[PDB]
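Remarks on the structure that follows.
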Amino acid sequence: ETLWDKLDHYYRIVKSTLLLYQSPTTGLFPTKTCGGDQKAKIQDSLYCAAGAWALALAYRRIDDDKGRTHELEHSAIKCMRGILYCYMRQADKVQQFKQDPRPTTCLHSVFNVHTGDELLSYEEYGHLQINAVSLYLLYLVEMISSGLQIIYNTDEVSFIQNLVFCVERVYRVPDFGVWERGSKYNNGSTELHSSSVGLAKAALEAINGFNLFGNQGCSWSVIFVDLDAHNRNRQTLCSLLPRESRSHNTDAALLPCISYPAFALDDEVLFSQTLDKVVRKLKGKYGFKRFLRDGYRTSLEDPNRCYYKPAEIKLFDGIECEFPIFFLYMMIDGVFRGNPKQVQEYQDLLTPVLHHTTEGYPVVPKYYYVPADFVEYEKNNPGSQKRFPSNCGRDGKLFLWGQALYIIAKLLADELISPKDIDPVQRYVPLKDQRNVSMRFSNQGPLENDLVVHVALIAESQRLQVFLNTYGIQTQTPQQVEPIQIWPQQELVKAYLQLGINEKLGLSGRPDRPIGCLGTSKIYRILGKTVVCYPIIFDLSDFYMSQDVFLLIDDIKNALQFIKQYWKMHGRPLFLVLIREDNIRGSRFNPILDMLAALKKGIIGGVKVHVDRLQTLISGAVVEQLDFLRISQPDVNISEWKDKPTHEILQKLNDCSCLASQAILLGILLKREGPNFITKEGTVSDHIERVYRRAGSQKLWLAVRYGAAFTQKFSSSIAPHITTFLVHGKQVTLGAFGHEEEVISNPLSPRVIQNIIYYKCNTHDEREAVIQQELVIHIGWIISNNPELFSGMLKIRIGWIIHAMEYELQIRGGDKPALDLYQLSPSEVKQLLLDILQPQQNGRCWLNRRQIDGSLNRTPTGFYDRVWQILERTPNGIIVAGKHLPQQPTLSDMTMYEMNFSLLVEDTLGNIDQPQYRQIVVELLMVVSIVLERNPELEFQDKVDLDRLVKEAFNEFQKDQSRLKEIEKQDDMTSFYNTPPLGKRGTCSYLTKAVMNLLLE
Amino acid sequence: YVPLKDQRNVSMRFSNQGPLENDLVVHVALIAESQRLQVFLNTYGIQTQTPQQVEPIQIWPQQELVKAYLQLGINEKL
Amino acid sequence: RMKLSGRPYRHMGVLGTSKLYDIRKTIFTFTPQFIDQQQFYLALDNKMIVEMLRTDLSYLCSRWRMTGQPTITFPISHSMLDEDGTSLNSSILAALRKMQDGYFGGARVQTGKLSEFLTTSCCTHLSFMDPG
């Protein structure tokens, strides 16, 4: 038999299965093949189109095809055009989502097939899904690279650009998931999904630098990408890769993202570990289940409650459905990886489960279900019983997506095509070719990092230049580089904003967002003039820590490390550094010489750098082109001066020279009169700005902080810190110690956070805003560069840490009065924070160490699992601080490693007022866990009162102290706190004695 | 150097149909010479087109191409 | 699927029946409509048949905007004989003799056998009649 018979048989299969139910009006397939359903998804139609394209590509190899390929290309083009028309029909939603993303402004994903219009309201389906858009973009670029034509005019280019802009920010907004359910509880909450992030990253890589018009194109078919969004997506994927979600340990949806559709996991060892874990934990006789405890269309499921009630998931286990479609994906992975044995084993496994039509055509049923007479018997013996085929397995109902995957897998197995043909973009490469690819691996190899970064030195003034030259320092004035121009960061942002504007539909272009260091590291050409920019660290900032040279040394070193680690473009990056005459300021001129001499040496902390004339570096280098533009102590107290008249306050302000009194008088005037009042030096706002700038120049820190609080200025980097803290798994709470506090569990817009923190600041204190900002930036920087330092802490509270270093500084002061923290330099504040953050050692009083540990809310490693095992072996429960933790709901709702059980435990334990008491309670709980685990014969007879145990231990310690040191009964347990837990007579001994006393009775 | 599996769409060495295959289809263009001959052929069912009806296209003998190629590759300095 | 009933039934003229047809690798020929006796009695008169035949011949010779020579089949039925049924009518034999010698009505007529006309005649290939 020749190829003709096989291709004809595949043609009959496709005609009788796939293309039979295509809608001529729109060209998109529906979800149901019977009953005249008017609903359609996006995934199934796209998969069918991809299968048709693959079949046409296979059939192309015959010069006498008799037009078979033409029909399939035309059907695929019609489907793509219909989907593009449906997407572009809704235009207001895209613009709304570009500014304030939300489920209300989300793009609709389900619509009627007959007229391409919406049919069902967004309150019953969510409509929030970004995987479909990314997959559509990837398939579209793949088809265009293949040689097909789908884009007609330039408006489609603008629409694609806006779609890329909207999808660039998918790493923060939670999605509804592939299965549309999201959380396992199915209550109506959105969470982050790793598969969506991976698909978005893959599409971002694919769409970068590609001609959308095909064979011909000059300047109106290219797409521009931002490296910062790709970097952030990569970080989020890497952080959230081991676990698909916080509420899902594993899921079968992780397969089409680390396989042929995506091919995004380039880690080998971790990819293999994840594959083994998924195979071990989700393997089934009849296929692969969606996930554990999945009550999806099971026998016990009823069509009367969209949201599952609590504790129903516990009853829903053991009857999970089986989906044999994943066998095709596994076989595709096997043939792609060149492992025939896996292909044979999965083919033999899939052979019996396959069904046949009247003519014997293969059938792939959707899901498998168990009859109601084996509900309980199956629980005792998993998989020993037999299931029953679904409705779409005999006649009248089919599964287009499953059949398309089956025919694709069979075509791949039959060797009718090659992996290169199906992957014209080369998404997957083997280990020996990962040497000179773009955006993925460097030219030095995967397991190598020796990048050399170019550094350019530019002076600021002629006097500063000659002063540096007198010491041997070579710098060039900006007036001697006349052919080259140096622009700030705002110009590039404005130029990017001018791009992507359309008048027919109404387009706002790229949103006004700051550009990262990697973006500024390149060289641009605007209107035929070369444009270079320096990082945002060098520009003047109203804040105060920019005047400390140690902070500048640290941040330039961190920027150099960031450039070294995350640079993959061809060509060496360009770095620009500027030195200002006001920086040296006399005595502060030596360490600048030190850093610059180290830079001239060639190595900066293990990072190699190069210095030369800027013109030499510019010549012979690739320059980015932007061609769109042409086409288009105080003596004044608050209480004393509050009731003074306006004229007296004005006179006092006029005739006073002290900065603090001037600031407090300006604040009183602003609070009483208002910002629009006129004083001797212009408007109130202008006077406040002038005095703030003068304070910054004089660098007296308390007045600068007061003026910054007055100006209501906030840093533009809090959102990355809060989002990386959330993705890490920790929690942050904003507030003041001893006052109200706000807890954040999901990413929020900057406006809401700013309003909340400013309202709190207006409520309690004056300068806590800037102190909190400095603390959060320092903590974020430290956790970014030293993640292991913050191990053991879950809830990060700035106010408690502030109280912590205040107490430590007061202790250090001793007889000398404690120094005010508002007057501390940024270097001193950073040193204090790093000192308190240290794991702590002996020498100092153990009470202070316990206080610091409790303030930081540190928890021992393995505390959560120990608590869970205690709760499993505690028939009654655990009661602390008046809170109750019943065993039945937590056992019937949560699981071993679920994070919400840990959250409930933390909420229960957070009612303790004394942090040292909390630490002692935690140590006692650990001792109880260890003792109970070491011996299973002894079990508790009733609920334990840990307060009673602590009181008994305290009384025993009091008796022992009276016996030894003849000390009378003293109130408070601070003596117990001072005693170390281990030693000759530690706290652990008393806790063990209390434990044995409780167990014996 | 090309492996055996890759030699499928290489120019000037192998055909698209594969190394061990030869099923090329060749196009032929049929053009008449005179109107009388064209109508005589059409009377018997044979369809031919006169050279005067292909005005956008041109038909030239083999000597013109030889002359044009001879024009190429002339240098005056050497 | 699209609720289409195809071409509605309609009468066929001489221009459609003149050409040859191909149905599943076979040669088919259709007689002209005006020799139909199960519709009306207009075909029961010999002189009527003669004049309609002459008019159809003239009309076919007039335009013929197709390619190839036309072909007409004129079988002789039992009703074309005399009362005794032993000889054809005078009008019929006169019509055939006028068809011979290449001049009848207002057109040139050439007679022969279907074997020779096969090599030079318009042929139509029908593909929609093939099995699905």
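Throughout, read-outs are computed from the coordinates displayed, never taken from laboratory work. FYI the Cβ positions are ideal-geometry reconstructions off the backbone, even for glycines, and counts take in every protein chain you see.
The table below lists the values:
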quantity	calculated
Net dipole in debye of region A:593-751 [+1 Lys, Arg Cβ; -1 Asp, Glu Cβ; about Cα centre; nearest 20]	480 debye
Distance violations [Cα-Cα > 22 Å] among A:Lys32/A:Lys93; A:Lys341/A:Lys410; A:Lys15/A:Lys341	A:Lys32/A:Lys93; A:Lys15/A:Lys341
Descending principal axes extents, chain B, alpha-carbon based, whole Å	57, 50, 18
Alpha-carbon Debye profile of region A:519-581, log10 I(q)/I(0) at 0.18, 0.29 Å⁻¹	-0.79, -1.34
Under 29 Å from C:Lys113, Cα to Cα: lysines that are on another chain or at least 8 residues apart	C:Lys19, C:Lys25, C:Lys47, C:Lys98
Per-residue Cβ neighbour rank within 10 angstrom, fewest leading, A:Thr357, A:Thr616	A:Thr616, A:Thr357
Under 15 Å between alpha carbons - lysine pairs in region A:624-772 that sit 8 or more apart or on different chains	5
Residue exposure sequence - A:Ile631, B:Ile31, A:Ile313 - by fewest surrounding Cβ within 10 Å	A:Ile631, B:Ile31, A:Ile313
Nearest-0.05 FRET efficiency for A:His884 and A:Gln633, computed from C-beta distance (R0 41 Å)	0.20
Calculated FRET efficiency for the pair A:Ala719/A:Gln474, C-beta based, R₀ 51 Å, to 0.05	0.80
5 Å-binned pair-distance histogram of region C:1-126 (Cα, whole percent)	2, 8, 16, 20, 20, 14, 10, 5, 2, 1, 1, 0
Once exposed loop trypsin sites (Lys or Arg not before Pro) are cut out (DSSP; at most 12 other Cβ, 10 Å), longest piece of chain B	B:14-76
Candidate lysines - alpha carbon under 29 Å from A:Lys993, same-chain residues fewer than 8 apart omitted	A:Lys883, A:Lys943, A:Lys951, A:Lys959, A:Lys965, A:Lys969, A:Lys984
Two-site label geometry, A:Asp835 and A:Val607: point separation in nm, points 7 Å out along Cα→Cβ	2.8 nm
Cα-only Debye scattering, region A:274-399: base-10 log of I(q)/I(0) at q = 0.10, 0.12, 0.16 Å⁻¹	-0.37, -0.53, -0.90
Fewest-first sequence of A:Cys761, A:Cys48, A:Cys658 by Cβ atoms within 10 Å of each Cβ	A:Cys658, A:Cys761, A:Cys48
Zero-based 10 Å bins, Cα pair distances in region A:537-638, whole percents	10, 33, 30, 16, 6, 4, 1
Rough spin-label spacing in nm, given labels placed 7 Å along Cα→Cβ, for C:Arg63 and A:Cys845	11.8 nm
Gyration tensor (alpha-carbon) shape descriptor, region C:15-64, a/c threshold 1.5	oblate
Rh (Kirkwood; distinct C-alpha pairs) - region A:788-924, Å	17.0 Å
Given A:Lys41/A:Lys504; A:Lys522/A:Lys601; A:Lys184/A:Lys314; A:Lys39/A:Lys98; A:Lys557/A:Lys608; A:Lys39/A:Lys397, the pairs whose alpha carbons are separated by over 19 Å	A:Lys41/A:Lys504; A:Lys522/A:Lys601; A:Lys39/A:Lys98
Most positive-pole-ward Cα, A:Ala264, A:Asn911, A:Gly707, against dipole of chain A from beta carbon charges	A:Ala264
DSSP-assigned coil residues among trypsin sites (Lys or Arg not before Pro) in region C:19-109, each with at most 11 further Cβ atoms within 10 Å	C:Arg24, C:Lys25, C:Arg63, C:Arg65, C:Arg108
D (Stokes-Einstein, µm²/s), Kirkwood Cα radius, region A:469-578, 1.002 mPa s at 20 °C	129 µm²/s
Overall dimensions of region A:433-502 as given by Cα atoms, namely Rg and Dmax in Å	19.8, 56
Coarse-grained scattering of chain A at q = 0.04, 0.06, 0.08 Å⁻¹, given as base-10 log I(q)/I(0) from a Debye sum over alpha-carbon atoms	-0.26, -0.59, -1.02
Residue range of chain C that is longest and free of chymotrypsin sites (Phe, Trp or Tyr not before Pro) which are both DSSP loop and sparsely packed (at most 11 other C-beta within 10 Å)	C:42-102
